[PDB]
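Working notes, beginning with the structure itself.
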Amino acid sequence: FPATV
Amino acid sequence: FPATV
Amino acid sequence: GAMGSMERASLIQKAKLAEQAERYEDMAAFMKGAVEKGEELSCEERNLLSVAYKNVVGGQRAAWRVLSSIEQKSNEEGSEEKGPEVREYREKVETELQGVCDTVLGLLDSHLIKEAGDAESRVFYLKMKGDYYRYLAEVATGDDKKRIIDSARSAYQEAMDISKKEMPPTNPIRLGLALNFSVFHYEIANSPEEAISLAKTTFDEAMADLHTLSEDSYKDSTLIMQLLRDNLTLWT
Amino acid sequence: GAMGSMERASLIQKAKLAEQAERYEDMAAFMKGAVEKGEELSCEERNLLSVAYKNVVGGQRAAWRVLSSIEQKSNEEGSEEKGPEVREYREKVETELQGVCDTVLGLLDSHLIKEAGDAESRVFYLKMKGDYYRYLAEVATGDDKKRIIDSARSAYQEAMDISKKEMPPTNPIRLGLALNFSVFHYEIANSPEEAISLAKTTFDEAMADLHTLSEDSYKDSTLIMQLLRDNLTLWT
Ligand SMILES: *CC(=O)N1CCC2(CC1)CC(CNC(=O)[C@]1(Nc3ccc(Cl)cc3)C[C@@H](C)O[C@@H](C)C1)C2
Ligand SMILES: *CC(=O)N1CCC2(CC1)CC(CNC(=O)[C@]1(Nc3ccc(Cl)cc3)C[C@@H](C)O[C@@H](C)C1)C2
Ligand SMILES: [Mg+2]
Ligand SMILES: [Mg+2]
Ligand SMILES: [Mg+2]
Ligand SMILES: [Mg+2]
Ligand SMILES: [Mg+2]
Ligand SMILES: [Mg+2]
């Protein structure tokens, strides 16, 4: 999965 | 801490 | 509300203890109680709220993905029929996830966003609104899916518009918003070109503004910039 | 019971899904429902029950230890008074932990142990009884502390007596029981010599019986034997 914050 | 199972 | 009898300051103190103990459900319930006191949240308090719910919903999403993968495998050719249990339990987790999202969105709507006038607070809450609609969108399969997606897009877009007008390109909230809106484009809106364009432009504009920062601010900004680069590497 | 309407087989199926999703609270609630159907548990089912509650209570114990350490620091000389919140929240976590222990002990008492006639099932349940009294003992500070400690000792001792009579020294249940009873002696009963003696004797007696085993049984036994050695290394 891609990075989120 | 010591090991338990 | 079960937290109605507890002092605001005590709720905040306990949210911090819960974070130390990695008790994120408790942390979220304390912060919910704090929000419901009706006073605006400081920066530190907004971070506690976001950290608590991010961690609760993150665990739910991970579990939903495990269950959804098992369910998909069950509906392949030559898979043995095992009854309704996998669907039922995926639905149970899904309903709990939706509940948490609705709770966060309810706090934002009653009344955090309307009282948020400074750019940093309003952008932060709008980013959260986009995030929790995005989590709703991940599990949506029905009549309202398009409207749920549009609600995420609308919140993110309002946050972007304010952030571009009012905040420097290195601001960690502006960066984190852009990171997440880029992921929305890639994973939810079937717009990988828009996702890549946004991540690249955000990274490059931040790069150009690093010279203005202290050492500590440089560290804060570059940490999030690296995530933009990581996504770009994943996508290209 | 909220699980009263669900089929036993469906509860077991969902416990396995919950384990895959690392949803241990759900896993425990499913297994509780399965036990309350009133039928004896198979070996695999006993393992699911134990895994679920071990993981729930393990998380509670870790959180309790974090909070207890903060509370201890607050009661040191020169520590600033911060009010009742740390004690209150440690108490909240403690009460939830006690509740989970009481729930497991209740399942064992109504009626898993009394229906368990084979050595493997009876020893396994008695080990669990000792374990959950040991977790109660870790947080006990009152009038009943000695009786809680004695209840743990008594359960472990009955399990040891049956295991020595009925099971080989390499049996994984016999090994795991001895490992945990040794820790009880070291950490709860203030008997480090007894802890060390038991761990050493158990390790050596198992060593001498490895020659009788298949490759797969050898792997199973040696995995737990290594933990006995790890504890001995810690203690000497
Ligand atoms: C009040 C306010 O505007 N804040 C909230 C705190 C803060 C942004 C400023 C500073 C915190 C630092 N956190 C991170 O950098 C990170 N998480 C988030 C960053 C940005 C946003 Cl909008 C949300 C969360 C957490 C650390 C561990 O890793 C970073 C990659 C991201 C957030
Ligand atoms: C039905 C029965 O008697 N069982 C239950 C399953 C089993 C013992 C036989 C086999 C499982 C293997 N598990 C482990 O070896 C371990 N956990 C436990 C071992 C022994 C006991 Cl009494 C309880 C738990 C889990 C693995 C991941 O690490 C090992 C070090 C311990 C338990
Ligand atoms: Mg007040
Ligand atoms: Mg649904
Ligand atoms: Mg553009
Ligand atoms: Mg039936
Ligand atoms: Mg107490
Ligand atoms: Mg002896």
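We name chains A, B, ... following the order of the structure tokens; residues begin at 1 in each chain, and ligands are numbered from 1 as shown.
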
Inset, instruction - Would you give me, as a ChimeraX atom specification, the residues of chain B that come within 6 Å of chain D, using only C-alpha atoms? - result: /B:2,4-5

Output C-alpha atoms of each residue in that selection to a file, as a PDB file, in the first residue's frame.
```pdb
ATOM      1  CA  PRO B   2      11.023 -14.218  31.282  1.00  0.00           C
ATOM      2  CA  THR B   4       6.083 -18.132  29.041  1.00  0.00           C
ATOM      3  CA  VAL B   5       3.832 -19.890  26.563  1.00  0.00           C
TER       4      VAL B   5
END
```

Inset, instruction - Please extract the residues at most 8 Å from ligand 6, counting only C-alpha atoms and all ligand atoms, and provide them as a ChimeraX atom specification, using the chain letters and residue numbers of this document. - result: /D:6-9

Inset, instruction - Determine the nearest neighbour of ligand 8 from the options D:52, D:11, D:196, D:112, counting only C-alpha atoms and all ligand atoms. - result: D:196

Inset, instruction - Residues within 9 Å of ligand 8, counting only C-alpha atoms and all ligand atoms: report them as number ranges by chain. - result: D: 194, 197-198, 201

Store the residues picked out above in a file with C-alpha atoms, as a PDB file, in the first residue's frame.
```
ATOM      1  CA  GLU D 194      12.789 -23.487  42.849  1.00  0.00           C
ATOM      2  CA  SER D 197      15.723 -26.196  39.668  1.00  0.00           C
ATOM      3  CA  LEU D 198      12.447 -26.829  37.836  1.00  0.00           C
ATOM      4  CA  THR D 201      15.339 -30.632  35.596  1.00  0.00           C
TER       5      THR D 201
END
```

Legend entry - Distance filter 7 Å around ligand 4, atoms: only C-alpha atoms and all ligand atoms, out as a VMD selection string: chain C and resid 91 94 to 95

Legend entry - Those in segment 14-213 of chain C with helix (DSSP H, G or I) from DSSP, as a count of residues only: 161

Inset, instruction - Would you mind listing the residues within 12 Å of ligand 7, counting only C-alpha atoms and all ligand atoms, as an MDAnalysis selection string? - result: chainID D and resid 64 68 87:99 136:142 145

Legend entry - Nearest-residue call for ligand 2, choices D:151, D:79, D:121, D:217, using only C-alpha atoms and all ligand atoms: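 Among the listed residues, the smallest separation from ligand 2 belongs to D:121.
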
Inset, instruction - Using only C-alpha atoms, find which residues of chain D lie within 7 Å of chain C and jot them down as JSON, numbers by chain. - result: {"D": [10, 14, 21, 63, 66, 67, 85, 89]}

Just the selected residues (N, CA, C and O atoms), exported as a PDB file, in the first residue's frame, please.
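selection_38.pdb, written as the output of this step:
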```
ATOM      1  N   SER D  10     -19.607 -22.517  13.158  1.00  0.00           N
ATOM      2  CA  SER D  10     -19.416 -21.145  12.663  1.00  0.00           C
ATOM      3  C   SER D  10     -18.579 -20.312  13.605  1.00  0.00           C
ATOM      4  O   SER D  10     -17.749 -19.510  13.153  1.00  0.00           O
ATOM      5  N   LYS D  14     -15.053 -18.687  12.554  1.00  0.00           N
ATOM      6  CA  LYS D  14     -14.797 -17.266  12.729  1.00  0.00           C
ATOM      7  C   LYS D  14     -13.620 -17.010  13.669  1.00  0.00           C
ATOM      8  O   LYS D  14     -12.886 -16.016  13.478  1.00  0.00           O
ATOM      9  N   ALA D  21      -6.705 -12.347  10.977  1.00  0.00           N
ATOM     10  CA  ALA D  21      -6.845 -10.889  10.973  1.00  0.00           C
ATOM     11  C   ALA D  21      -6.259 -10.189  12.182  1.00  0.00           C
ATOM     12  O   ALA D  21      -6.392  -8.963  12.286  1.00  0.00           O
ATOM     13  N   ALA D  63       0.154  -3.045  28.881  1.00  0.00           N
ATOM     14  CA  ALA D  63      -0.356  -1.683  29.148  1.00  0.00           C
ATOM     15  C   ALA D  63      -0.346  -1.384  30.624  1.00  0.00           C
ATOM     16  O   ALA D  63       0.083  -0.292  31.060  1.00  0.00           O
ATOM     17  N   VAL D  66       3.162  -0.449  31.715  1.00  0.00           N
ATOM     18  CA  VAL D  66       3.535   0.904  31.332  1.00  0.00           C
ATOM     19  C   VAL D  66       2.952   1.877  32.340  1.00  0.00           C
ATOM     20  O   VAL D  66       3.666   2.763  32.873  1.00  0.00           O
ATOM     21  N   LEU D  67       1.678   1.702  32.665  1.00  0.00           N
ATOM     22  CA  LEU D  67       0.978   2.623  33.542  1.00  0.00           C
ATOM     23  C   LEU D  67       1.480   2.548  34.986  1.00  0.00           C
ATOM     24  O   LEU D  67       1.635   3.579  35.677  1.00  0.00           O
ATOM     25  N   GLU D  85      -5.249  11.074  38.022  1.00  0.00           N
ATOM     26  CA  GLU D  85      -5.489  10.473  36.700  1.00  0.00           C
ATOM     27  C   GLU D  85      -4.663   9.232  36.405  1.00  0.00           C
ATOM     28  O   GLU D  85      -5.187   8.311  35.825  1.00  0.00           O
ATOM     29  N   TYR D  89      -6.444   5.652  35.696  1.00  0.00           N
ATOM     30  CA  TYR D  89      -6.358   4.949  34.400  1.00  0.00           C
ATOM     31  C   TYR D  89      -5.660   3.597  34.586  1.00  0.00           C
ATOM     32  O   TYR D  89      -6.098   2.600  33.978  1.00  0.00           O
TER      33      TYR D  89
END
```

Inset, instruction - Tell me which protein, DNA and RNA residues are within 7 Å of residue 203 of chain D, counting only C-alpha atoms, leaving out same-chain ones fewer than 4 positions away, and put them as a PyMOL selection string. - result: chain D and resi 199+207+225+228

Inset, instruction - Could you check how far atom 19 (C, counted along the ligand's line) of ligand 1 sits from atom CA of residue 101 of chain C, in Å to one decimal? - result: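 Result for atom 19 (C, counted along the ligand's line) of ligand 1 versus atom CA of residue 101 of chain C: 19.2 Å, one decimal.
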
Inset, instruction - Find the distance between atom CA of residue 215 of chain D and atom 17 (N, counted along the ligand's line) of ligand 2 and write it in Å to one decimal. - result: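 Pair atom CA of residue 215 of chain D / atom 17 (N, counted along the ligand's line) of ligand 2 returns 18.1 Å.
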
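Here atom CA of residue 108 of chain C is placed at a distance of 11.3 Å from atom CA of residue 155 of chain C.
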